[PDB]
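Next come structure tokens for two forms of one protein chain, structure 1 first, structure 2 second.
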Structure 1
């Protein structure tokens, strides 16, 4: 029996605060709690949650940010273009989406400052 299942997003030493700021600004994530620079913070978003963790607290792990992580999330929204702009304003980088992507419902896409890829679907 497993009692909880939560994704852990690993970020650079000392950067959990900046990530929390970013996720609140970009997506309206809410901090349910944290542990103290911040060592880890659990964020609630659109009915689920994830935990941001300082990789310096977890020796032997890697954020994989420099070569590209595979950390990928989908968010459902009524306006992908609006969500992309809100995310970019907070520091994300817009990734142009092609017709092949649009046909499958992938209407916007960003990479955030922590190497996460976010797909926006309408």
Structure 2
């Protein structure tokens, strides 16, 4: 019986970006914060960890130009969520008819190459 003492999802960022990142996440979503340079951020009662890729030996880049990093957020107002994020630097992506069928009413990409879709 092998067990794991914890499971975290690591959002890699380019060199010296962990700070621009929290900065952007604290703003666009209201995330709450908390060798390897990293910062744990909290949204909806769960967390992720933004990590500086240059501070993780073994890795070469954050793949920010084409990462498959995708998060889902639930809220009561997806339009107001997109607009808040865009005023903070995110780019609104039109939600396909398809995404609207799964209730995914809003969607944006951020400066770190992550894709966030709002599920209402």
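Numbering follows the first chain given and starts at 1. Shifts are known only where both forms have a C-alpha. Rigid core (definition): largest C-alpha set, two forms, superposition within 1.5 Å.
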Core-superposed comparison between structures 1 and 2, residue 59 Cα displacement 2 Å or beyond: yes
Once the two forms are overlaid on the core, the CA atom of residue 99 shifts between structures 1 and 2, in angstrom, by 2.3
Core-aligned, what does the C-alpha of residue 44 shift between structures 1 and 2, expressed in angstrom? 1.1
The CA shift of residue 70 between structures 1 and 2, rigid core aligned, in angstrom, is 0.4
Where does the chain move between structures 1 and 2, taking runs of at least 3 residues whose CA atoms all shift 2 Å or more after fitting the core? 59-67, 98-100
